[PDB]
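S.K.: Sharing a structure here in structure tokens format.
Read-outs: derived from the displayed coordinates by stated rules, not from any lab. Backbone-built Cβ (ideal geometry, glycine too); neighbour counts: all protein chains shown.
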């Protein structure tokens, strides 16, 4: 359902052989800053006439090897031709280069072979329906048929608004203009109305065989300079405001593709969210490619493809089609802001709530305070299932770790029925179906602390029944507690928790106020306590997060 | 009226007549739709002759929309047949084919495919009523999916000129684009049988659309659209059918009547200097019935300093099927600056460079001087034999007579003169800015010369000057002004 299928880059700079799936809206990010920039340049060379005329240098070839040929192919999908207007744009120019047998697909390729004597390898653009017999894109002079289809707008991080406005002023009443024109000449008559015009001529005439020297603008009219005025960081957003209005009117007849590199540069965090809303929520930017290091620039992300360039020197690329389902729509904004910062990390530990974050932040601080520097990240997920977070992180090649409590949820409208919520979420990551809800018989005289302890006994009983299902969880880096985190914490530092709280049952007291008591616990936690919790088998997720 | 015509954005069927009303409205309708539509879709205008396509392209201006302006044959060739013939029929068929109109006539559609597949040329059908190129183009569209996708993606509306000359195979393709591909069609044609038809013309397909088509929106064009309202009122009052369309105006200024009391040259000086109702810098032309009446007026004005050149009606100036083409052959023979490409542009279809060289060889026999009447007739038959057009006996003698003498040279001269005098039959076609006529020429009581008078009145564009030589002429005006209760229809000096 997207015109842009995938792009292939062969032997171009650090790209040995890289295949990346695509969509209308694409966002690229990762550690390799060189790979992200070369990715945008590889798209410009294929589609931007100004950057393509310069040809390939020796450095652009992969590993500076001129024998290997540079090849950049863009695969397109024309299946939605019946209801896509921009698809008909491409068809009208391609004409007979398509075949009816493969009418759904169309290829746009860039081939380059290097000449030693000419010290210069030219760029030959081919297209066609079949990848085997691509034909040269027809052209006459400095323009070809491809330049009539696609117009590439590259938004530099740093831009002067007055300079770009001078480019758009020309194309963007008459009886009124005539009065302004005659009045413009009225300026020059009053300016001359005098001692300098006559003395510079007497000096010029003796020097060289009328020197009036009027004033600019009045010669060419008021339209020559019409720079804007509002009523550094603020004017950057007005340049985007010009781009939206300009490109639609100027390039309505062709497909416009935006290449936005690092737009968060010299931009406030609040404006980054404003730009993110305009990129995804608004239909103003139909097709763009975005390179960003800013998590706040993805707060409003939806219906986009996320491309992650790996930190390795091989320049491996992992792409994910990020789409928020309608069921998650009521918590979409909360979910995106938490996941946006996790895309840039290397290992993400899925925790439930803030009480786990308060504990883990203190424990990690004593054991390994540089865990975020090396790519670790604590992502808290509350109320929702793990599938949306795991699918996005898995496709992007990000190591995901899950630590959740074994919980039971009472079904509404019926008493005595409890859903196996803790197991179902871990089973959902493995693709298995939700387990049947169970009914446990608790007497009416058993309430409060006595009631909770009996429910814990069912959790331990349920945990033992699915002993093999837990075995599959550990292979998938899923860590399901027997009862909950507080009981696993008691197993690691029971002597410390009893001394810290002086209460004979520290687990019961910790769960009274989970946030406050966890803060009270971490304040009195010893350094050996943090190492004991870290080294304990029940907390293997902390060892997997640091990556030892 | 015309404002109601251009506003319609759907399928438009236009009935055009009297000439030039079709071309000006077509160019204005095209450039107006280009301004309204900002999307990537383009328009396509098709004309039978290459001159009409070049005439439309010059008035439109820049075609940065990718709009196609060309010949009917060149359209289906460059947009349908050549791009998608290999998709429709396989890789066996060539896309570098060369279409020759005169050579390689065949009997069956299967035979022509072999000429294109093996002999690498696109030949015409032997039957004039059946078109092979349009039968091939329609067949290619049905066979090729990409061909249908490209036509829909490229053009949103198609303009067609002189639709009454379109054959049935040519008509089937246009209806296929409207019915199946849902492409808007702007159709311009003449419902009257007239004199000029393309060799495979069938007026019934055009007439059938006027009668039974619910999709098209029918419109009509005024015959004297270019003439001003005052001249239209004076012209339409002489014929009963035309008296109903004109509407009275409170003030009449364009039509001037002056009784001829002073000599002819003095009336010209009186209108030019004493009242200044005629400008000497604007083109002025005078109407006569016979050649002798023009000679005596031309000679009388040479004595008074007035300089004039008089165009006489040629033997070819006659309503015949090949009159228009025969005159162009004379213009190529008489004038050296008239190129052979200008002559080929008048020929129907987009002739190839090789076919142009063969036609040029036949006509080069007429460029030698003093080769008598017999050889002119054979060159003419040889010329029209290639075009598969028979020639009327009187058309041959009319062509021959013009070739012998230099008497009718300026009538076919490429140069243009400001002040002229023409006969009513001399410029039955072309229109002039300001015209002066005399009343004694036309018998108005018995309507013998009312048709020649109506033509005389419709030639003037801005200002018409009538001399009231005949009392019976003025009586017919005053009598009908009382029947219609018209106080003023004429401005008298």
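S.K.: Can you tell me which condition residue B:152 does not meet? The list is (1) more than 14 Å from chain A (Cβ to nearest Cβ); (2) surrounded by fewer than 23 Cβ atoms within 10 Å (Cβ to Cβ), and all the others hold.
M.R.: (1)
S.K.: Can I ask one more? Quick test of your reading of the structure: residue A:86 fulfils all but one of (1) in contact with a helix residue (DSSP H, G or I) (Cβ under 9 Å, 6 or more places away or on another chain); (2) part of a helix (DSSP H, G or I); (3) within 9 Å of another protein chain (Cβ to nearest Cβ). Name the failing condition by number.
M.R.: It is condition (1) that residue A:86 fails.
S.K.: Please work out which residue is nearest to the other protein chains (Cβ to nearest Cβ), limiting yourself to region B:163-209 and to residues that are in contact with a strand residue (DSSP E or B) (Cβ under 6 Å, 6 or more places away or on another chain) and within 24 Å of residue B:124 (Cα to Cα).
M.R.: Among them, the one singled out is B:163.
S.K.: Determine if region B:135-146 includes at least one residue that is buried (at least 19 other Cβ atoms within 10 Å of the Cβ), in a loop (DSSP other than H, G, I, E, B) and within 14 Å of chain A (Cβ to nearest Cβ).
M.R.: yes
S.K.: Taking the residues in region A:348-364 that are touching a helix residue (DSSP H, G or I) at 6+ places or on another chain (Cβ under 7 Å) and outside any helix (DSSP H, G or I) as candidates, determine which candidate is farthest from residue A:405 (Cα to Cα).
M.R.: Here the residue is A:348.
S.K.: A further question on this structure: Quick check on region B:283-291. Is at least one of its residues under 19 Å from residue B:428 (Cβ atoms) and assigned to a helix (DSSP H, G or I)?
M.R.: Yes, region B:283-291 has at least one match.
S.K.: If we scan region A:261-273, do we find a residue that is part of a helix (DSSP H, G or I) and out of contact with any helix residue (DSSP H, G or I) (no Cβ under 8 Å at 6 or more places or on another chain)?
M.R.: Yes, some residue in region A:261-273 is part of a helix (DSSP H, G or I) and out of contact with any helix residue (DSSP H, G or I) (no Cβ under 8 Å at 6 or more places or on another chain).
S.K.: So, in region B:58-73, how many residues would count as being surrounded by 17 or more Cβ atoms within 10 Å (Cβ to Cβ), over 18 Å from residue B:153 (Cβ atoms) and over 16 Å from the mean Cα position of the chain (by Cα)?
M.R.: Number satisfying all stated conditions: 5.
S.K.: Okay, next question. I'd like to know if region B:94-107 contains one or more residues that are within 14 Å of chain A (Cβ to nearest Cβ), touching a helix residue (DSSP H, G or I) at 6+ places or on another chain (Cβ under 7 Å) and either surrounded by 21 or more Cβ atoms within 10 Å (Cβ to Cβ) or under 29 Å from residue B:190 (Cα atoms) (or both).
M.R.: Scanning region B:94-107 turns up no residue that is within 14 Å of chain A (Cβ to nearest Cβ), touching a helix residue (DSSP H, G or I) at 6+ places or on another chain (Cβ under 7 Å) and either surrounded by 21 or more Cβ atoms within 10 Å (Cβ to Cβ) or under 29 Å from residue B:190 (Cα atoms) (or both).
S.K.: Residue B:89: in contact with a strand residue (DSSP E or B) (Cβ under 8 Å, 6 or more places away or on another chain), farther than 24 Å from residue B:8 by Cβ and within 14 Å of another protein chain (Cβ to nearest Cβ), yes or no?
M.R.: Criteria not met by residue B:89.
S.K.: Restricting attention to region A:274-288, report how many residues are touching a helix residue (DSSP H, G or I) at 6+ places or on another chain (Cβ under 6 Å) and either more than 17 Å from residue A:28 (Cα to Cα) or not in a helix (DSSP H, G or I) (or both).
M.R.: Of the residues in that region, 2 qualify.
S.K.: How many residues, within region B:1-50, are outside any loop (DSSP other than H, G, I, E, B), touching a helix residue (DSSP H, G or I) at 6+ places or on another chain (Cβ under 7 Å) and within 14 Å of chain A (Cβ to nearest Cβ)?
M.R.: Adding up the residues that qualify gives 3.
S.K.: On the given criteria, is residue B:66 within 14 Å of chain A (Cβ to nearest Cβ) and not in a helix (DSSP H, G or I)?
M.R.: yes
S.K.: It is to be established whether one or more residues within region A:171-190 are surrounded by 12 or more Cβ atoms within 10 Å (Cβ to Cβ) and in a loop (DSSP other than H, G, I, E, B).
M.R.: no
S.K.: Please determine, by comparing only the residues of region B:253-265 that are crowded, with 19+ Cβ neighbours inside 10 Å and touching a helix residue (DSSP H, G or I) at 6+ places or on another chain (Cβ under 7 Å), which one is farthest from residue B:237 (Cα to Cα).
M.R.: B:258
S.K.: Enumerate the strands (runs of 3 or more DSSP E) found wholly within region B:375-493, keeping only those where 1 or more residues are over 18 Å from residue B:288 (Cα atoms) and touching a helix residue (DSSP H, G or I) at 6+ places or on another chain (Cβ under 9 Å).
M.R.: Counting at least 1 such residues, we get B:460-467.
S.K.: Against the definition (within 11 Å of another protein chain (Cβ to nearest Cβ) and in contact with a strand residue (DSSP E or B) (Cβ under 8 Å, 6 or more places away or on another chain)), how does residue B:82 come out, yes or no?
M.R.: No; evaluated as a whole, the condition is false for this residue.
Table: residues versus (1) assigned to a helix (DSSP H, G or I); (2) within 13 Å of chain B (Cβ to nearest Cβ); (3) surrounded by 15 or more Cβ atoms within 10 Å (Cβ to Cβ).
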position: A:73; (1), (2), (3): no, no, yes
position: A:80; (1), (2), (3): yes, yes, no
position: A:96; (1), (2), (3): yes, yes, yes
position: A:99; (1), (2), (3): no, yes, yes
position: A:114; (1), (2), (3): no, no, yes
position: A:125; (1), (2), (3): no, no, yes
position: A:130; (1), (2), (3): no, yes, yes
position: A:154; (1), (2), (3): no, no, yes
position: A:158; (1), (2), (3): no, no, no
